[PDB]
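Student: From first to last, the protein sequence lines are chains A, B, C, D, E and F.
Counting in this note's numbering, the first sequence runs from 921 upward without gaps.
Counting in this note's numbering, the second sequence runs from 35 upward without gaps.
Counting in this note's numbering, the third sequence runs from 108 upward without gaps.
Counting in this note's numbering, the fourth sequence runs from 264 upward without gaps.
Counting in this note's numbering, the fifth sequence runs from 851 upward without gaps.
Counting in this note's numbering, the sixth sequence runs from -10 upward without gaps.
Note that the Cβ used here is the ideal one computed from N, Cα and C, for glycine as well.
One structure, pasted below without further comment.
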Amino acid sequence: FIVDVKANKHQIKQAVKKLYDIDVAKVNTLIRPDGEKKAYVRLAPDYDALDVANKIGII
Amino acid sequence: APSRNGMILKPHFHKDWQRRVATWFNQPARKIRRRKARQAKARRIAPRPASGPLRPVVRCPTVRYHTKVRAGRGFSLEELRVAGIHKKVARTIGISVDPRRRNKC
Amino acid sequence: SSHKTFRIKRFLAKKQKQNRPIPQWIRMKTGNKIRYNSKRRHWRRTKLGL
Amino acid sequence: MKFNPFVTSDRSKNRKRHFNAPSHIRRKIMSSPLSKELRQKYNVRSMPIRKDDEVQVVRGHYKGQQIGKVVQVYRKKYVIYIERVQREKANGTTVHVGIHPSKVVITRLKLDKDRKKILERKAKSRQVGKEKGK
Amino acid sequence: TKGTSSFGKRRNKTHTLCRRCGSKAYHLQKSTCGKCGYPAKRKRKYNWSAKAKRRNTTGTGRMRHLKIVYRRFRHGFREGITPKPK
Amino acid sequence: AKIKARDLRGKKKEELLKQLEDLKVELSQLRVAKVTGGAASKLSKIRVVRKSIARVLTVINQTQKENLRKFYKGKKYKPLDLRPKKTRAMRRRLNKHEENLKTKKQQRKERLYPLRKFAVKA
RNA sequence: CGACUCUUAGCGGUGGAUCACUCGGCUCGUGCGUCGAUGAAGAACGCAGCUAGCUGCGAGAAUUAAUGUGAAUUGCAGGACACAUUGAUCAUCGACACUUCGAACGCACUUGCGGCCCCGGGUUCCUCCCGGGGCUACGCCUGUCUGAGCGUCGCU
RNA sequence: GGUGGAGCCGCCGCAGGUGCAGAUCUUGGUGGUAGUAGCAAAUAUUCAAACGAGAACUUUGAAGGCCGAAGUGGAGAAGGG
RNA sequence: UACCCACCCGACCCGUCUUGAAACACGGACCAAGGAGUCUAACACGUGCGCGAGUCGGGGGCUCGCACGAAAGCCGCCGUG
RNA sequence: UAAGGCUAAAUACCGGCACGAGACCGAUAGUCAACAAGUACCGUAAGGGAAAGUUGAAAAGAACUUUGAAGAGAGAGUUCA
RNA sequence: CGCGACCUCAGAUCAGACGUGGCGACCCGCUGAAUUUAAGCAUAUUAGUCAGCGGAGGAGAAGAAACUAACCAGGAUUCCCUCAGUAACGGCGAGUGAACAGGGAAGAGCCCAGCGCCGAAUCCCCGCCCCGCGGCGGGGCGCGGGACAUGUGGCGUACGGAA
Ligand SMILES: [Mg+2]
Ligand SMILES: [Mg+2]
Ligand SMILES: [Mg+2]
Ligand SMILES: [Mg+2]
Ligand SMILES: [Mg+2]
Ligand SMILES: [Mg+2]
Ligand SMILES: [Mg+2]
Ligand SMILES: [Mg+2]
Ligand SMILES: [Mg+2]
Ligand SMILES: [Mg+2]
Ligand SMILES: [Mg+2]
Ligand SMILES: [Mg+2]
Ligand SMILES: [Mg+2]
Ligand SMILES: [Mg+2]
Ligand SMILES: [Mg+2]
Ligand SMILES: [Mg+2]
Ligand SMILES: [Mg+2]
Ligand SMILES: [Mg+2]
Ligand SMILES: [Mg+2]
Ligand SMILES: [Mg+2]
Ligand SMILES: [Mg+2]
Ligand SMILES: [Mg+2]
Ligand SMILES: [Mg+2]
Ligand SMILES: [Mg+2]
Ligand SMILES: [Mg+2]
Ligand SMILES: [Mg+2]
Ligand SMILES: [Mg+2]
Ligand SMILES: [Mg+2]
Ligand SMILES: [Mg+2]
Ligand SMILES: [Mg+2]
Ligand SMILES: [Mg+2]
Ligand SMILES: [Mg+2]
Ligand SMILES: [Mg+2]
Ligand SMILES: [Mg+2]
Ligand SMILES: [Mg+2]
Ligand SMILES: [Zn+2]
């Protein structure tokens, strides 16, 4: 994900959980050069990312 | 370096004049700013002497201006309790009041 | 530097996006006088304002 | 001679009031006269040109007598495009050629709620002054 | 060796970015800016290089509040009122 | 289909917050379509929705501050957001009562000796 | 007529003079005389479907509502719209909104640490923990409260 | 005469920032020098193939070589971005 | 007369400071555009014009929103000076 | 008549908002800036600080054929040019 | 060895306000050179100027005589013409250098303290209602506070005033 630069890891987890009706194992943030904050969001083992990716339209 | 019979010519430009030179290109436009005020004041107090209140007859001080007569600053107090005009009232009927004139004659 | 502050990293983020060329359709707008970017930088010559 | 100070009459100042003029003003400037027939019926000399008015070209290389309909208005290029007013490019792909409204005559207005109150209040103003001088 | 040889051991920096100026002027050892003067409360303008003065005065920025103060006054400084509705 | 400020002005506070959250959702997937190719039709809606959100959020703040400045209408002590904001010089000016106030010695003088109207040389 | 060299002319380059233009200056007048702790000037960082710069703006971000205006916008798309519609666009601007620094204000400038209140999750105040809102700078005035003094006393 | 494509001069008066060869003058341009000085610090390259419009200079293979672990090797600081 | 060429006679490179410069004195490769006795005040004499024992001129005033005007005209102001 | 205090008007304005004008300059001139100019760029920093306007009326900005790896050409075409 | 007044003096994230910074052409306090001139120079001059510093306003400052004058006298301040490059200053050199009167623009005057008189006749902030509310005020009602007798309000201020 690209995520607003002011976001916490707790904040990112509570939003990804709020939108895509998902649940998060752990959140890994970085800040790309160009200053947009990437956020690799690891979904719980019971949840599949190749599926929720289709709902959000990415693939 | 003087040459052959001039004057002595102490001219005052040593200080710095170029900076504080006051040119008068306002001059003809100021003639007009005042003219409107002069008119706008007369139209504001419509029935009233446009020139202003009445000033007294007065003689000029020094012996060179002995024989002239001026319009003074205001009618004196001693003058007023002869004509029977209260000093605070005259200020309201266009009579300049000068509480500062020693009458000697 | 590889040990950067946050203010320093933001500064490079903005200077790194101003670098790209001009979009080619800009050259098509009505009242143009612009041909090439002329405000580009190259890390070997004209080091950053640092 | 102009008299009113608070108007400019300055060679470069109202050339600047032109090519920096906003689109809201540029409507009035892009106005074109009406044909003798309408100019009789409405008592309106001229009108801002509109998108789908009919028009005759009067000057220019291909002034003529054919009545085309306006297609668009390059208010940025400050010149209009007309119906069969067009040339052929190098690839055969035809383009319109701009025509200034001042060099064109309107032959059939495109009427509207907005345009009608304009034609009335233009005519009412024209005969108010003729009644004032009378 | 005072040149081309000493111009080599120049790694560390004296100045950095000032948080008030925006200029690369802040002295790290001295902890004052030196173009505006940072920890000092007043800006270091000078009557003494007018060319530097006109580089940053009112109008050279955005005036993103003052530019609408000139707008309100021109019209009357009214507030708390809305034009007549349709 | 523009969500005009006509229909929203007379509506419920909590109701707008749904339509706002509705657009807030749509804007999020149009940002997704911008990444995954999308269409030139979609990529225009991202400007429509961005504006149509402010069309709604405007009505919320307007109706709120038009309500909040009904509360303190009458009370002496009201917050800094609603006190009139003219100019630091202008709010510290005298009160419009405290420059037309006249010292009582002044009014007694303004009675006995008012300015006449009078013309002369007649 | 060998080549080279020189002078002149015809043409061709190189170069940008001259000339003609000019949304710019300079000068002189005129009217007004308008900042900021309800947070200025200035700075940073963001914001366009394709956008780097200038400009315009502030997470409601190439504008918001409103009022005039009345059919465009335009480099290309793309579009809503019904152009019998606040109605596209522009102008005005008086409703609303105002990222981070900055007199800048919880302490510090790393962008770090806190405290105090509240409201969500957590709790079922159980304290964290997580999220959200309001305060917490210096100086000084008037008043208010709590005080201190073998200061002056009074009553004891 | 020519090219050039939008303005211009004669006379009577008025006003100037009014006439250039030069100031190691200022700015811009261009020569002669001249296709000249030069492309010489650390021993070294060669064969075949590939790619290609085009190969002394790329790439692969083969051969000869040097740096020789106080390195021309493997990782960092500041600095660069 | 001006283009090229020919001949006879003449003929040293300009600017400058200098008693004296073709100088073994200095500036100058070449070509374009720019480039230096100005304005103000104060005297002095000469000259032109108005009036003349007087004569003004300023500041004011009276007449405009200037188009030409921020002009012109007028004022016991004109003599306070 | 001091040792205490208040006050409109004529008066000043190379900053600011909004205007008007000129015996002014006209792209090496006029402000440093007619243009993305206090920008590019230099300096650690205080500071320094440029160059650069004009196709045509309308892009009608050279389709197509051809030679060439391509840059460039030859024809053709657009144009009042 | 306590409780209570007052006087001093503290602490409040106490109720309510307000100050800082910017601009800086013009304006007001202070600070304050040296090039330069004098054919050297130190006094002088440049010059109460540049820079420095503080503070404002739409104008500022000044302003209602501890004035001018010597007259048959004028009458706040500011500006313009004038005085006049004059009185005076000065290695009396270089150079500096005002005012008064007169004409005009404008024209406006006023308050305190004190001395006294008046039952503090006064002011502030609270709480309820009436009107008004985008320059927060007026009207009334409250043993709701507090300031004030170490002095608030009315008359009164030298032109005279009170009685
Ligand atoms: Mg008078
Ligand atoms: Mg380098
Ligand atoms: Mg009294
Ligand atoms: Mg030739
Ligand atoms: Mg030629
Ligand atoms: Mg040039
Ligand atoms: Mg005690
Ligand atoms: Mg032409
Ligand atoms: Mg000239
Ligand atoms: Mg020349
Ligand atoms: Mg060896
Ligand atoms: Mg490596
Ligand atoms: Mg000699
Ligand atoms: Mg010799
Ligand atoms: Mg010499
Ligand atoms: Mg006094
Ligand atoms: Mg040029
Ligand atoms: Mg030119
Ligand atoms: Mg220039
Ligand atoms: Mg050219
Ligand atoms: Mg040219
Ligand atoms: Mg031609
Ligand atoms: Mg201040
Ligand atoms: Mg000397
Ligand atoms: Mg000398
Ligand atoms: Mg000397
Ligand atoms: Mg001295
Ligand atoms: Mg002095
Ligand atoms: Mg100074
Ligand atoms: Mg004052
Ligand atoms: Mg005063
Ligand atoms: Mg006097
Ligand atoms: Mg004399
Ligand atoms: Mg002196
Ligand atoms: Mg008393
Ligand atoms: Zn700074």
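Between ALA35/B, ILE127/B and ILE42/B, which has its C-alpha nearest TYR102/F's C-alpha?
Tutor: Walking along the sixth sequence from the start, residue 102/F turns up at place 113. Ranking the options by Cα distance to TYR102/F, first place goes to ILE127/B.
Student: Exposed or buried, which one is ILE369/D when buried takes at least 16 other CB atoms within 10 Å?
Tutor: Indexing the fourth sequence from 1 puts residue 369/D at position 106. By the neighbour-count rule (16 or more Cβ atoms within 10 Å), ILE369/D is buried.
Student: Nearest-angstrom Cα distance between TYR337/D and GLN319/D?
Tutor: Reading the fourth sequence from its first residue, position 74 is the one you call residue 337/D. Reading the fourth sequence from its first residue, position 56 is the one you call residue 319/D. Cα to Cα, the separation comes out at about 18 Å.
Student: What does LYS75/F touch in chain E if you count any residue whose Cβ is under 8 Å from its own?
Tutor: As a working mapping, residue 75/F is identified with position 86 in the sixth sequence. Those are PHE927 and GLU929, listed as they occur along chain E.
Student: Please name the residue, chosen from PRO62/B, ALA76/B, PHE47/B and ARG125/B, that lies closest to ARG89/B on a Cα-to-Cα basis.
Tutor: Looking up residue 89/B in the second sequence gives position 55. The candidate whose alpha carbon is nearest that of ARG89/B is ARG125/B.
Student: List the residues of chain B that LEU104/F touches, going by C-beta distances under 8 Å, in chain order.
Tutor: Along the sixth sequence, one-based indexing puts residue 104/F at 115. Chain B residues near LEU104/F: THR126.
Student: Should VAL45/F and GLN18/F be called a contact, given that it needs their Cβ atoms to be closer than 8 Å?
Tutor: Start at 1 with the first residue of the sixth sequence, and residue 45/F comes out as number 56. Start at 1 with the first residue of the sixth sequence, and residue 18/F comes out as number 29. Against a cut-off of 8 Å, the Cβ pair of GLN18/F and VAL45/F comes out as no contact.
Student: Indicate the three-state DSSP secondary structure (helix, strand or coil) for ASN50/F in the structure shown.
Tutor: Residue numbering aside, residue 50/F sits at position 61 when the sixth sequence is read from its first letter. Three-state DSSP puts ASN50/F in a helix.
Student: Going by other Cβ atoms of all chains shown within 10 Å of its Cβ, with 16 needed for buried, is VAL14/F buried or exposed?
Tutor: Within the sixth sequence, residue 14/F is the residue found at index 25, counting from 1. Answer is exposed; the Cβ neighbour count stays below 16.
Student: Here's the rule: buried if 16 or more other CB atoms are within 10 angstroms of the residue's CB, otherwise exposed. What is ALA890/E?
Tutor: Position 40 of the fifth sequence, counted from the first residue, corresponds to residue 890/E. With fewer than 16 other Cβ atoms within 10 Å, it is exposed.
Student: So with Cβ pairs under 8 Å, would you call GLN123/C a contact of chain A?
Tutor: Sequence index remark: in the third sequence, residue 123/C carries index 16 (1-based). By this cut-off, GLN123/C is an interface position.
Student: Less than 8 Å between the CB atoms is what I'm expecting for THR25/F and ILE922/A, so what's the real figure, rounded?
Tutor: Within the sixth sequence, numbered from 1, the residue matching residue 25/F stands at position 36. Within the first sequence, numbered from 1, the residue matching residue 922/A stands at position 2. That belief does not hold up - the Cβ atoms of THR25/F and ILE922/A are roughly 14 Å apart, past 8 Å.
Student: Could one say the Cβ of residue 1/B lies closer than 8 Å to chain F's Cβ atoms, at least one of them?
Tutor: In this structure chain B extends from 35 to 139, so residue 1/B is not present and cannot be described.
Student: Pairing CB atoms from the region 952 to 966 of chain A with CB atoms from the region 116 to 126 of chain C, are three or more of them under 8 Å?
Tutor: The region 952 to 966 of chain A, when compared against the region 116 to 126 of chain C, does touch it at the 8 Å Cβ threshold.
Student: Using the beta-carbon of each residue, which ones in chain C are nearer than 9 Å to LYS885/E?
Tutor: Along the fifth sequence, one-based indexing puts residue 885/E at 35. None at all; the shortest Cβ gap to chain C is about 14 Å.
Student: Quick one: does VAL91/B have its CB under 8 Å from some CB of chain F?
Tutor: Against the second sequence, residue 91/B aligns to sequence position 57. Chain F contact via Cβ: absent.
Student: Could you list the residues in the region 940 to 956 of chain A with a C-beta less than 8 Å from some C-beta on chain C, going in chain order?
Tutor: Cβ contacts with chain C come from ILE951, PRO953, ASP954 and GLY955.
Student: Mapping the DSSP letters down to three states, classify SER309/D as helix, strand or coil.
Tutor: Within the fourth sequence, residue 309/D is the residue found at index 46, counting from 1. Strand, per DSSP.
Student: Please state if the CB of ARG962/A and the CB of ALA973/A are separated by a distance shorter than 8 Å.
Tutor: Working through the first sequence from its first residue, we reach residue 973/A at position 53. Working through the first sequence from its first residue, we reach residue 962/A at position 42. Contact: no.
Student: Which class does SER295/D belong to by DSSP, given the choice of helix, strand or coil?
Tutor: Residue 295/D sits at position 32 when you count from the first residue of the fourth sequence. Three-state DSSP puts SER295/D in a strand.
Student: Quick one: what does DSSP say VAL24/F is sitting in, helix, strand or coil?
Tutor: Taking the first residue of the sixth sequence as position 1, residue 24/F is located at position 35. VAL24/F falls in the helix class under three-state DSSP.
Student: Give the interface partners of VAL21/F over in chain A, defined as CB-CB distance under 7 Å, in chain order.
Tutor: Position 32 of the sixth sequence holds residue 21/F. Under the 7 Å cutoff, chain A gives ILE976, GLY977 and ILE978.
Student: Let me check one thing: in DSSP terms, what residues is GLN335/D bridge-paired to?
Tutor: On the fourth sequence, position 72 is the one that residue 335/D refers to. Beta-bridge pairing links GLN335/D to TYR344/D.
Student: Quick one: Cα of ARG894/E to Cα of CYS886/E, how far?
Tutor: By one-based count along the fifth sequence, residue 894/E stands at place 44. By one-based count along the fifth sequence, residue 886/E stands at place 36. Taking the straight line from one Cα to the other gives about 4 Å.
Student: Is the number of C-beta pairs between the region 284 to 293 of chain D and the region 344 to 351 of chain D that are closer than 8 Å three or more?
Tutor: Too few Cβ pairs lie closer than 8 Å, so no.
Student: My assumption, with CB atoms under 8 Å, is that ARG870/E sits in contact with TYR888/E. Please give the rounded CB distance.
Tutor: Taking the fifth sequence and counting its residues from 1, the one referred to as residue 870/E is at position 20. Taking the fifth sequence and counting its residues from 1, the one referred to as residue 888/E is at position 38. That pair is a contact at about 5 Å.
Student: So, at 8 Å on beta carbons, what are the nonlocal neighbours of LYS340/D in its own chain, with the 5 sequence-adjacent residues on each side left out?
Tutor: For this step, residue 340/D is matched to residue 77 along the fourth sequence. Taken in chain order, the residues that qualify are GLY361.
Student: By Cβ distance, which residues of its chain are closer than 6 Å to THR854/E, with the 5 residues on each side in sequence left out?
Tutor: By 1-based counting over the fifth sequence, the position of residue 854/E is 4. Result list for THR854/E: empty, nothing under 6 Å.
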